[PDB]
Amino acid sequence: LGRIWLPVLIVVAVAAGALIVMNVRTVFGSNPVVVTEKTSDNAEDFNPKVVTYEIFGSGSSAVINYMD
Amino acid sequence: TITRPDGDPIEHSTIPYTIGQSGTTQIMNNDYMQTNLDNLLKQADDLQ
């Protein structure tokens with residue numbers, strides 16, 4: 001391999017250098033924005049508790065104030 | 001846990017919530033106080 005050893009080793013070295021270049025070149029940057037995760041709850045109406053107000057008396061009418 | 005049953009804090013459980021709801025009862029009584037003030041005016045007329 002007197003006339004084969006040189007070009008093969010040259011190609012091997014060039015491939016190694018290209019691989020190193022490709023790997024490290026992309027590491028820079030790659031983190032421009034930060035996006036926080038979202039964890040919401042299911043907004044549904046199943047078995048809602050029911051509150052009832054009742055006003056009654058011997059009078060005809062009344063004035064009523066209440067808290068919703 | 002028991003204080004966060006669904007993973008979020010229980011509603012109406014902060015101290016500022018208690019503070020911010022302190023004046024609703026006075027607002028509820030407003031009509032009955034206004035009626036008393038009108039009665040005071042009419043009583044002054046009756047005195048006249």
# chains A, B, ... in the order shown; residues from 1 in each chain; ligands from 1
call {"tool": "closest_atom_pairs", "arguments": {"of": "range 2-32 of chain B", "to": "range 37-43 of chain B", "cutoff": "12 Å", "atoms": "only C-alpha atoms", "output": "JSON lines"}}
result
{"residue": "B:30", "atom": "CA", "partner": "B:37", "partner_atom": "CA", "distance": 10.7}
{"residue": "B:31", "atom": "CA", "partner": "B:37", "partner_atom": "CA", "distance": 10.0}
{"residue": "B:32", "atom": "CA", "partner": "B:37", "partner_atom": "CA", "distance": 8.9}
call {"tool": "write_last_selection", "arguments": {"atoms": "N, CA and C atoms", "output": "compact mmCIF listing (two decimals), in the first residue's frame"}}
result
# COMPACT_ATOMS: atom_id res chain seq x y z
N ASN B 30 -78.08 49.20 53.54
CA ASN B 30 -78.21 50.61 53.18
C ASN B 30 -79.67 51.05 53.08
N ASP B 31 -80.52 50.24 52.45
CA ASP B 31 -81.90 50.65 52.21
C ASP B 31 -82.64 50.91 53.52
N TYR B 32 -82.45 50.04 54.50
CA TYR B 32 -83.16 50.18 55.76
C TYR B 32 -82.69 51.41 56.52
call {"tool": "closest_atom_pairs", "arguments": {"of": "chain A", "to": "chain B", "cutoff": "10 Å", "atoms": "only C-alpha atoms", "output": "tab-separated table"}}
result
residue	atom	partner	partner_atom	distance
A:39	CA	B:7	CA	9.8
A:40	CA	B:8	CA	9.3
A:41	CA	B:6	CA	7.9
A:42	CA	B:6	CA	9.9
A:63	CA	B:31	CA	8.5
A:64	CA	B:28	CA	9.1
A:65	CA	B:28	CA	5.8
A:66	CA	B:28	CA	7.3
A:67	CA	B:24	CA	8.4
call {"tool": "atom_distance", "arguments": {"atom1": "CA of residue 2 in chain B", "atom2": "CA of residue 38 in chain A"}}
result
22.7 Å
call {"tool": "select_by_dssp", "arguments": {"residues": "chain B", "states": "helix (DSSP H, G or I)", "output": "PyMOL selection string"}}
result
chain B and resi 15-20+24-28+30-47
call {"tool": "atom_distance", "arguments": {"atom1": "CA of residue 13 in chain B", "atom2": "CA of residue 1 in chain B"}}
result
14.6 Å
call {"tool": "atom_distance", "arguments": {"atom1": "CA of residue 48 in chain A", "atom2": "CA of residue 23 in chain B"}}
result
27.7 Å
call {"tool": "residues_around", "arguments": {"residues": "residue 14 in chain B", "least_positions_apart": "6", "cutoff": "12 Å", "atoms": "only C-alpha atoms", "output": "VMD selection string"}}
result
chain B and resid 3 20 to 21
call {"tool": "decode", "arguments": {"residues": "chain A", "atoms": "C-alpha atoms", "output": "JSON list (two decimals), in the first residue's frame"}}
result
[["chain", "number", "residue", "atom", "x", "y", "z"],
["A", 1, "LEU", "CA", 0.00, 0.00, 0.00],
["A", 2, "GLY", "CA", 2.89, 2.33, -0.76],
["A", 3, "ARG", "CA", 0.73, 4.53, -3.00],
["A", 4, "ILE", "CA", -2.58, 4.00, -1.16],
["A", 5, "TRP", "CA", -1.75, 4.82, 2.46],
["A", 6, "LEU", "CA", -1.49, 8.58, 1.92],
["A", 7, "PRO", "CA", -4.82, 9.43, 0.18],
["A", 8, "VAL", "CA", -6.80, 7.12, 2.47],
["A", 9, "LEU", "CA", -5.36, 8.74, 5.59],
["A", 10, "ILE", "CA", -5.96, 12.19, 4.08],
["A", 11, "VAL", "CA", -9.62, 11.33, 3.47],
["A", 12, "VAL", "CA", -9.96, 9.91, 6.99],
["A", 13, "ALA", "CA", -8.50, 13.06, 8.55],
["A", 14, "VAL", "CA", -10.69, 15.33, 6.41],
["A", 15, "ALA", "CA", -13.78, 13.35, 7.41],
["A", 16, "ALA", "CA", -12.85, 13.59, 11.10],
["A", 17, "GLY", "CA", -12.32, 17.34, 10.84],
["A", 18, "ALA", "CA", -15.61, 17.82, 9.01],
["A", 19, "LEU", "CA", -17.42, 15.76, 11.65],
["A", 20, "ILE", "CA", -15.92, 17.85, 14.46],
["A", 21, "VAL", "CA", -16.84, 21.06, 12.63],
["A", 22, "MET", "CA", -20.43, 19.92, 12.09],
["A", 23, "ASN", "CA", -20.93, 18.79, 15.69],
["A", 24, "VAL", "CA", -19.61, 21.89, 17.47],
["A", 25, "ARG", "CA", -20.87, 24.54, 15.04],
["A", 26, "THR", "CA", -24.52, 23.92, 15.94],
["A", 27, "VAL", "CA", -24.10, 24.07, 19.74],
["A", 28, "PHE", "CA", -23.96, 27.87, 19.78],
["A", 29, "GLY", "CA", -27.26, 29.67, 20.24],
["A", 30, "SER", "CA", -30.09, 27.11, 20.20],
["A", 31, "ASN", "CA", -31.87, 28.74, 23.14],
["A", 32, "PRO", "CA", -33.45, 32.05, 22.07],
["A", 33, "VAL", "CA", -36.77, 31.89, 23.94],
["A", 34, "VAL", "CA", -38.17, 30.23, 27.06],
["A", 35, "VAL", "CA", -41.75, 28.92, 26.97],
["A", 36, "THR", "CA", -43.38, 28.01, 30.27],
["A", 37, "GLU", "CA", -45.58, 24.94, 30.60],
["A", 38, "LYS", "CA", -49.36, 25.24, 30.99],
["A", 39, "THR", "CA", -51.34, 23.14, 33.50],
["A", 40, "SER", "CA", -55.02, 24.13, 33.64],
["A", 41, "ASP", "CA", -57.98, 22.41, 35.26],
["A", 42, "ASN", "CA", -61.10, 21.01, 33.65],
["A", 43, "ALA", "CA", -63.79, 23.71, 33.75],
["A", 44, "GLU", "CA", -66.99, 21.65, 33.88],
["A", 45, "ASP", "CA", -70.30, 21.79, 35.75],
["A", 46, "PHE", "CA", -71.12, 18.37, 37.20],
["A", 47, "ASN", "CA", -73.00, 18.03, 40.49],
["A", 48, "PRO", "CA", -72.97, 21.77, 41.31],
["A", 49, "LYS", "CA", -74.16, 22.58, 44.81],
["A", 50, "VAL", "CA", -77.55, 24.31, 44.81],
["A", 51, "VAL", "CA", -78.40, 27.13, 47.23],
["A", 52, "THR", "CA", -82.00, 28.31, 47.61],
["A", 53, "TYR", "CA", -83.23, 31.51, 49.26],
["A", 54, "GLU", "CA", -86.84, 31.63, 50.48],
["A", 55, "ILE", "CA", -88.69, 34.65, 51.88],
["A", 56, "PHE", "CA", -92.32, 34.40, 52.98],
["A", 57, "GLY", "CA", -94.55, 36.14, 55.50],
["A", 58, "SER", "CA", -97.96, 37.57, 56.25],
["A", 59, "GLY", "CA", -97.11, 40.77, 54.40],
["A", 60, "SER", "CA", -97.79, 41.58, 50.78],
["A", 61, "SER", "CA", -94.31, 42.58, 49.57],
["A", 62, "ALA", "CA", -90.79, 42.90, 50.96],
["A", 63, "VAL", "CA", -87.39, 44.45, 50.28],
["A", 64, "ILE", "CA", -84.68, 41.81, 49.92],
["A", 65, "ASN", "CA", -80.88, 42.04, 49.93],
["A", 66, "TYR", "CA", -78.72, 38.95, 49.45],
["A", 67, "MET", "CA", -75.20, 37.86, 48.56],
["A", 68, "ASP", "CA", -74.85, 35.87, 45.37]]
